[PDB]
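Throughout, numbering of the chain's residues begins at 1 and tracks the sequence.
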Amino acid sequence: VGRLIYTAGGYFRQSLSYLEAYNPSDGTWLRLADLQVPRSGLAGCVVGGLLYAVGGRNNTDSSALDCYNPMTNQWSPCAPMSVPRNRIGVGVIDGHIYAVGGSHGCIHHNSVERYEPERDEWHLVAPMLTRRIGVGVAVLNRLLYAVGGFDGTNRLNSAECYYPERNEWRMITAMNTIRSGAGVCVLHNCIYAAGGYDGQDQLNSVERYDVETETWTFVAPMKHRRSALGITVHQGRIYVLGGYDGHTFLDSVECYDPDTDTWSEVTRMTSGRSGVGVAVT
Ligand SMILES: COc1ccc(S(=O)(=O)N(CC(N)=O)c2ccc(N(CC(N)=O)S(=O)(=O)c3ccc(NC(=O)CCN4CCOCC4)cc3)c3ccccc23)cc1
């Protein structure tokens with residue numbers, strides 16, 4: 001009935017078609033219409049109550065944008081991006097979807113494009129300073145942040161900031177830890193970077209960046225270490241969904257209370273998966 005946490009796609013042995021929704025009010029899961037094409041490594045977002053699945057890898061790298069309407073339980077195709085973008089990052093500014101980075105085969109994108117729902121059109125914006133796949137994306141104060149990822153040579157702890165009015169990117173303070181495939185979100189005016197892969201291990205560490213003091217501080221780590229996790233914010237708490245811990249595909253969903261600096265496991269997906277697109281509406 002209320003706002004749900006949607007997880008689309010993912011990987012477990014193969015790319016998946018599942019669209020499921022979690023109700024944090026009563027702990028229930030709903031099963032919704034499958035995606036047209038199974039996809040992992042995509043990103044989710046919500047604009048005008050519509051859920052969007054962006055990019056990923058098919059079953060093969062995907063330029064697709066698909067739109068799910070919760071009121072009709074239907075997926076519809078949208079204008080494709082100018083390039084396939086697997087392991088994409090996505091952020092929304094003023095009802096516009098920014099597709100950041102990602103990979104096409106062995107090409108590691110630094111390009112960025114902007115989708116206009118009112119026109120069903122994508123347009124390129126200024127490219128990032130760094131090529132980033134597995135990049136975490138966060139929107140804060142009408143700025144778009146691109147955090148960590150892999151540039152094709154090094155895994156990254158750097159982060160950079162896009163200025164829509166200036167159409168430009170600037171590097172910001174780097175993270176304490178290198179992170180590709182982290183969950184990045186915004187909670188209570190800070191950017192959170194949860195988990196990821198530092199080049200040797202999946203991580204359970206979690207650091208937040210305070211823009212005022214422009215520094216990254218560690219906070220309480222998660223129970224299960226994980227990369228390629230889904231992440232979202234619901235009612236002032238962070239939810240991370242699934243992922244890969246180095247051996248298993250997680251079905252675990254942990255929830256972070258910023259006021260207690262605590263991670264509790266609050267439910268479990270119907271099956272373990274990583275590389276899901278996650279959004280709330
Ligand atoms: C420890 O090694 C790692 C090194 C680095 C990383 S990463 O997080 O930093 N990273 C970015 C980067 N590499 O730069 C990523 C890798 C893979 C992704 N997936 C989708 C996609 N299109 O790539 S995925 O989640 O769905 C997945 C698919 C297969 C496998 N591995 C298997 O063996 C599958 C075979 N299984 C099948 C069932 O069981 C038996 C064996 C594990 C995960 C990512 C998705 C989003 C963001 C980042 C992703 C992660 C792990």
Side-chain angles (χ1 to χ4, degrees), residues 43 45 87-94 96-102 108-112 114 125-199 201 203-211 213-222 225-227 229 231-234 236-240 256-263:
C45 65
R87 292 160 207 194
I88 190 174
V90 153
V92 176
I93 311 187
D94 293 347
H96 296 145
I97 302 167
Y98 284 75
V100 180
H108 300 76
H109 296 299
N110 67 327
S111 57
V112 183
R114 203 187 68 229
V125 299
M128 280 186 304
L129 303 167
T130 312
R131 307 181 179 269
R132 302 170 184 272
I133 77 159
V135 60
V137 173
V139 171
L140 173 68
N141 294 308
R142 223 176 165 271
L143 308 192
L144 188 81
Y145 293 80
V147 175
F150 180 59
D151 80 357
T153 310
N154 321 268
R155 233 153 288 277
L156 303 169
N157 65 334
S158 68
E160 43 184 303
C161 193
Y162 173 75
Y163 296 79
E165 296 293 297
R166 292 168 231 230
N167 191 34
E168 75 180 31
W169 296 81
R170 302 156 145 292
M171 300 287 323
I172 66 168
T173 311
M175 284 179 302
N176 306 286
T177 309
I178 292 177
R179 295 172 199 280
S180 59
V184 180
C185 67
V186 158
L187 177 53
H188 292 155
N189 211 49
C190 297
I191 303 180
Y192 282 79
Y197 183 72
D198 75 358
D201 292 307
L203 301 166
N204 58 30
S205 62
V206 178
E207 37 188 322
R208 69 157 149 71
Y209 173 84
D210 172 49
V211 298
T213 81
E214 308 149 20
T215 177
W216 289 90
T217 325
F218 282 108
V219 301
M222 300 175 295
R225 63 184 64 256
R226 50 176 96 210
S227 73
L229 57 140
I231 191 164
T232 201
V233 171
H234 165 82
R237 285 153 113 217
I238 289 168
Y239 293 75
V240 304
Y256 174 81
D257 190 347
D259 293 329
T260 87
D261 183 41
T262 278
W263 289 94

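No side-chain heavy atom of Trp263 sits less than 4.5 Å from a side-chain heavy atom of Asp257. A 4.5 Å side-chain heavy-atom check between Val240 and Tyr192 finds every atom pair outside the cut-off. At a threshold of 4.5 Å between non-hydrogen side-chain atoms, the residues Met222 and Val206 count as touching. You'll find the side chain of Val90 stays beyond 4.5 Å of the side chain of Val137, heavy atoms only. For the pair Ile93/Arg142, a side-chain contact is recorded, criterion being any heavy-atom separation below 4.5 Å from C-beta on. Between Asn157 and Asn176 there is no side-chain heavy-atom pair separated by less than 4.5 Å. Between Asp198 and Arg155, every side-chain heavy-atom pair lies at or beyond the 4.5 Å cut-off. Residues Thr177 and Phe218 have side chains in contact (heavy-atom distance under 4.5 Å, counting atoms from C-beta outward).
In this structure, the separation between OG on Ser111 and CZ on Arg131 is 8.5 Å, given to the nearest 0.5 Å. Here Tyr145 contributes atom OH and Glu160 contributes atom CD; the two are 12.0 Å apart, rounded to the nearest 0.5 Å. A distance of 7.5 Å separates OH in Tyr98 from CG in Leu144, rounded to the nearest 0.5 Å. Rounding to the nearest 0.5 Å gives a distance of 11.5 Å between CZ of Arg114 and CD1 of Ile97. Here CD1 of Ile178 is found 9.5 Å from CG of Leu203. Values are rounded to the nearest 0.5 Å.
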Inset, instruction - Could you please spell out the steps behind the side-chain contact (heavy atoms from CB on, under 4.5 Å) verdict for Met171 and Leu129? - result: CA-CA 8 Å; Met171 300 287 323; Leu129 303 167; 3.4 Å; yes
Inset, instruction - May I have the step-by-step check of side-chain contact (heavy atoms from CB on, under 4.5 Å) for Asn110 and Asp151, ending in yes or no? - result: CA-CA 9 Å; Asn110 67 327; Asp151 80 357; over 6 Å; no
Inset, instruction - Show your working on side-chain contact (heavy atoms from CB on, under 4.5 Å) between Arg179 and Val147 and close with a plain yes or no. - result: CA-CA 8 Å; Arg179 295 172 199 280; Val147 175; 6.0 Å; no
Legend entry - Stepwise side-chain contact (heavy atoms from CB on, under 4.5 Å) check, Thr173 with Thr215: CA-CA 6 Å; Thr173 311; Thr215 177; 5.6 Å; no
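When all heavy atoms are compared, the tightest approach of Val139 to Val186 is O-CG2, 3.5 Å. Here the closest heavy-atom approach between residue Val135 and residue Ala146 is recorded as CG2-CB, 3.8 Å. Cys185 approaches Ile231 most closely through the heavy-atom pair SG-CD1, 3.8 Å. Contact detail for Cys161 and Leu143: the closest heavy-atom pair is SG-CD1, 3.3 Å. The minimum heavy-atom distance linking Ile88 with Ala99 is given by the pair CD1-CB, 3.7 Å. Taking all atoms of both residues into account, the shortest heavy-atom contact from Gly236 to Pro258 is O-CD, 3.2 Å.
Note on ring orientation: taking the six-membered ring where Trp is involved, the planes of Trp216 and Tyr209 are tilted (angle from 30° to 60°). A perpendicular orientation is assigned to the rings of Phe150 and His108, their planes being inclined by more than 60° (bins at 30° and 60°).
In this structure, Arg225 contributes its side chain and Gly195 its backbone to no donor-acceptor pair below 3.5 Å.
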